[PDB]
Amino acid sequence: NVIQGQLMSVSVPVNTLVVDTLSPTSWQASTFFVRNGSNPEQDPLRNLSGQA
Amino acid sequence: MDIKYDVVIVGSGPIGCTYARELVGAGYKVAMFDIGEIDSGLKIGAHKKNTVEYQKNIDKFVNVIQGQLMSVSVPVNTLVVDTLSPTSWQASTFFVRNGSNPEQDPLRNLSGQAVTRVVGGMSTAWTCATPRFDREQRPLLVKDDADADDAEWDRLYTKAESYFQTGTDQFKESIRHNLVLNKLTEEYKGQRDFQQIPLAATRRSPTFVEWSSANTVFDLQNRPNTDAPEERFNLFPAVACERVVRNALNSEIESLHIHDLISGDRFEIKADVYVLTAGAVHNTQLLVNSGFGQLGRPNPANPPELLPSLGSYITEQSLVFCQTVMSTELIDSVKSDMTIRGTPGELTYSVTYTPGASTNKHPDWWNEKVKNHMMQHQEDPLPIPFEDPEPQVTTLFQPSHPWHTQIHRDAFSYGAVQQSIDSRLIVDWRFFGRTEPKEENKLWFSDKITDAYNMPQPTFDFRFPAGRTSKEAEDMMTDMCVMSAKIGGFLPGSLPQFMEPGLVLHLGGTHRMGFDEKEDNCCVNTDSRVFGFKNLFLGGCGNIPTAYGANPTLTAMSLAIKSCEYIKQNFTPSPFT
Amino acid sequence: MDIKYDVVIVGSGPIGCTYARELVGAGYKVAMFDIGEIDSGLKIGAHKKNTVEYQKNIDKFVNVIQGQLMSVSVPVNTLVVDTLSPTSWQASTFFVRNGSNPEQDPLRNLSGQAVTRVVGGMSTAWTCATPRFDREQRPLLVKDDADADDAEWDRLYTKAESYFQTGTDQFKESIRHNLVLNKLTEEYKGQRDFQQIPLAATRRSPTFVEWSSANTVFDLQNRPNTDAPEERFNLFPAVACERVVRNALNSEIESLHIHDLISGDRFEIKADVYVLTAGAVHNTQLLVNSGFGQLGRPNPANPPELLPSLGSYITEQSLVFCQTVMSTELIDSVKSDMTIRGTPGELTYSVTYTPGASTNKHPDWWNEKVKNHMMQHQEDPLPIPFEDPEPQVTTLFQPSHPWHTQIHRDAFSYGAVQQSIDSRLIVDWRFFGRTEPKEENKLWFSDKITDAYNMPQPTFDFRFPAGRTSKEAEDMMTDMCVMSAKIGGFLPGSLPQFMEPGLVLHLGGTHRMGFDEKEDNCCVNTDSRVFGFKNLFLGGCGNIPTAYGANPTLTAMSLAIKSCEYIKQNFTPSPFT
Amino acid sequence: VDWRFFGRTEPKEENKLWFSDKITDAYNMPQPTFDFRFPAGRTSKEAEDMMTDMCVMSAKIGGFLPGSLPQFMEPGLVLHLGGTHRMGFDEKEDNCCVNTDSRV
Ligand SMILES: Cc1cc2nc3c(=O)[nH]c(=O)nc-3n(C[C@H](O)[C@H](O)[C@H](O)COP(=O)(O)OP(=O)(O)OC[C@H]3O[C@@H](n4cnc5c(N)ncnc54)[C@H](O)[C@@H]3O)c2cc1C
Ligand SMILES: Cc1cc2nc3c(=O)[nH]c(=O)nc-3n(C[C@H](O)[C@H](O)[C@H](O)COP(=O)(O)OP(=O)(O)OC[C@H]3O[C@@H](n4cnc5c(N)ncnc54)[C@H](O)[C@@H]3O)c2cc1C
């Protein structure tokens, strides 16, 4: 927990995971937009995802 | 295998079997084709749950369901696997892999939508719930005459219920059923009515229910046969029906193009009457492959010549789900009439009740079951008998609670931790919302991508409409949370949730019915006849044009029965020589 | 429903069907009972994988397997659920719930052991791998004459291979098959031999394999019939066989007690010859229920009168598994003979090769498939055709590598992250260990607890023996890790692992064969006749007394053939009337 | 017992850490971006050989613990990143940033 608490990921690609069980009332995206500190420059397939 | 029949029916689900029952019975020479194969035992197209092994182990039945359901449209997968060995081959892109549909926007899908290809269709695995629609959910069959419309629906529903062997009595002596039914009846006294879910089923013994299916409607045996020597029927499994051939005037179908998947032979089959009952998705595909509507990505700057409403106004229900673990209060209430002397397991443990007494909260049949269970199974901490059938409760859709409800048990794959909980305690909650038909909600077919049978790939463009549909959906979730709390708290791992869109498999509206093609934005009339065409009929839930919450099959069947009336009035059977 | 037959067979799996084929063919009046039902389509007891739907979507077949397998012994569940609502009924103990077996020590189980109750038995779902056993795995049929023993096994295996339609050529032109086969051949040149897994299967087209089953062995149609007017066979599904009735001398069976699960009636069936082919677990259960061996927890202070070795010396194979993702080097090797010019998706793109060139690493049939795939699908990054069949590779058990291997694909439920990986890249690895027979490893039956058919509840007392069995199992894991690395790295989510004990379903030795009851600690002789009884025979994997790694069914069938030879020489068919 | 085997990675010009001229990180600095794959050839072959070596060596001590089966870890979780401002004798000839006194 100490290790995890301090390590901050260097580059997180844009997330493309589909959540399709939201309630119909909830605000939902039409695109996988740049969200939550993600790096749109980052090719998810050419990353060091574990770098922190 | 002739290639000339009076009537050809595509699909051997319950709706195809309705046409078969009516038209075989009326003396037509009928052929039925199904792309799937016979796999329910000696009873062709029968319910797969009607084996002794599945009646002993219901939850294993989820595997049957899963095994037959094939996802309609799976978007290209973009999940990152970045812990492959460096030696393993990897693509540099998320390429079209594994049958995925690159046309599909993953965020406007009915990802849970699936199809079954087997003789008997989805009715070899369905849950058998067959409620009628009230007016609010129901398409009109009679204009400007509400009482005539009512009367017509009643006649058709009553017949449909007879074909399906629908009843509301098969669970009447279940302790769990009555516990839940009685409690909710009391809680909503003067506010909502509860009853048994109407089920297409016949109980055969205290531990066996014969669930209905396509077989119940029509046994699917070739005719003539000893029991039906004057009837004429052939079923041809493993035959892919690919297209209907239109005449140049677009007034009649001239033939049905088929591909025998076993022999590989192709034929053109001629009939007087062509009936498409391949399901809401595949009827649509067949029609598009035949030059109805439009192939490819919808382009409103080029509307198609035939059936411009085909594949628009699609509806699928919102589904919320949870399970509950029965309250202590309710479990204790089961044994309320019991006098318990001694400690269980020891010498003079006794459990007694007075038959027929007036302070008894429960009927004798109930207390006798409870007594014998508590006495013969002193190691067991619950008062519910081990073989007590499950609850099957509903409060049907009403304007003040515009969703269908099922408070019951069906096949479920419990996690190991959930299997920690005694099954007698668990109740499933499924509430089903109605979805407004909107033109923008579409099922379309790729002009480049093809499916597993080399047909144009189905693609959804779907979102639950804003406004009433979405507000009701959320109100329905809250209702489930409120109502279920009267019975018990949520089972961990089965917390209240919306199901993946389309997992419900109540898709409607893909080839929708109405009085007038243009005014009502529709594809078939009230005889289920394709506008403009003398001799082409569509059957199934794709016909239903309304926003409905209740399970649609009985309604589709009723429409089919009306369609068959038109056929019997307009086409003459060939003489049986 | 005569009450008198020449031969009665309990079970309609492939072993029961071996007896049927032999004895029906030899003119015996045969009845066969199965507790399960007919549900493989028109071909009774056929392989469920032989539908066009499953040939197109093989991974969905996992559901068929799971849906029919019922766990043999499930220990009491001690998982803590502590997030229930305070209103929900909560246990104070881990009581006997949900069909769990309180006799079962959770730490000495075969938790993966399961049984199938359907017409055709497990052969409706099996993987069809039918290797022969080499001497080291194989029980003796001839003592003190290895050559005679070899010849007898050869004769028997050859017939069994004919009954199953075993072959080694159904995947001969698969690219993936040969890619793997060739690499492993080269990597182990002079050390190990590789070949196609011998499979009970007939290829019908490039995309259809008709997998063998019980139906292949005997079609299970009642006889006499048009094709077999002089034969006499009746199959009676949904009939629980409960007991064989011993005479007081314990020298003869006098009848078979059955329970019709549909009518609910019990009957006694008389036959000259009684054959128990109910599976390794249920043959044992039937015998124990009939007074053979010992009911209840074994007590060495109180050995049973009849068949003291029954249910002891049980064997089940260790199984290790992983999947791999094909190496870049191997994938690139697929197209080694190609000249690639231009760039994909353009006019200029050219993929060509020279048929017959001596420098080619691959045959023309391979290069043609590669060239067409690459030219016709320029958007696809892989050189393997979409419809290329799977690998089916083995190196068979040898003293220096005392495990069976399967390097192949079979139905698998890939997680969504794993579905990210193109299926063409994936190979399954399954290595099967041999287990020493030890008297302490037991299948026994409760005197108190009953199963779903009201029969004594099976209970395992099992651990993999120390010594050779354990050393070899770990050595086998390592060999899998080493060998698989030559093909590609592990697929995340399918990392090298031991499978749950018994999931393999290769249980043997529960009613084991030997020359002498006492000396060889056994229950049947080499004719599969129960010691002391004139007219009682056991068939199946329970007969096999050795430590074996290879798939056992072919060996069990071979023994059944030999058993039938004895039956044919010692009992006379009734005259056909 | 935990088993961790660490491979060596060939330095290749194409494997880069670069910084966005538009996106910024939590401290308003140019956002780091990786363009990295394990080099083909020696690096990759050795990585796989290393996996096999772990499988072989670990079995001498005991079998794998379920849930901690042999696996590659997520790239960079190791945090042994090197060569981003690398040392050499000659800036041009050795493709480097600091000399052997670590002087730029
Ligand atoms: C698990 C489950 C639970 C359900 N529960 C309920 C419930 O409780 N109540 C309810 O009302 N509904 C329920 N349903 C839905 C119900 O099963 C369907 O509404 C109903 O079966 C539709 O009937 P159908 O005859 O129109 O189509 P289907 O049953 O889908 O049959 C159509 C058939 O046409 C075939 N076919 C498709 N394409 C072609 C082609 N090109 N050529 C030839 N044949 C083709 C198929 O192989 C198939 O057998 C459930 C379904 C599932 C699977
Ligand atoms: C997924 C799967 C993969 C497999 N792969 C392979 C393979 O690759 N190679 C191989 O060699 N083996 C494999 N097997 C094992 C193989 O299927 C069995 O060894 C074989 O089917 C055993 O044949 P049997 O006739 O003795 O028994 P079973 O096939 O088990 O048939 C026994 C039958 O008797 C019945 N029965 C049970 N109790 C009673 C009773 N009291 N009364 C009446 N009937 C009764 C059953 O309902 C059943 O049909 C696999 C099995 C499965 C499930």
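Every chain is numbered from 1 and lettered A, B, ... according to where its sequence line falls, protein lines coming before strand lines.
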Looking only at non-hydrogen atoms, find the nearest pair between B:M499 and A:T21 and report the distance. C-CG2, 3.9 Å
Part of B:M477 within contact of chain A (heavy atom distance under 4.5 Å): neither
Can you name the residues of residues 36-52 of chain A that have some heavy atom under 4.5 Å away from a heavy atom in chain B? A:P44, A:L45, A:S49
May I ask you to list the residues in residues 22-34 of chain A that approach chain B closer than 4.5 angstrom, counting heavy atoms only, ordered by number? A:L22, A:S23, A:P24, A:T25, A:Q28, A:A29, A:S30, A:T31, A:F32
Is any side-chain heavy atom of B:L79 less than 4.5 Å from a side-chain heavy atom of A:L17? yes
Residues forming a side-chain hydrogen bond (donor to acceptor under 3.5 Å, both in side chains) with B:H408, sequence neighbours excluded: B:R430
Counting only non-hydrogen atoms closer than 4.5 Å, does B:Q497 touch chain A with its backbone (N, CA, C, O), its side chain (CB onward), both, or neither? neither
Heavy atom to heavy atom, less than 4.5 Å: which residues from residues 315-324 of chain B reach chain A? B:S318
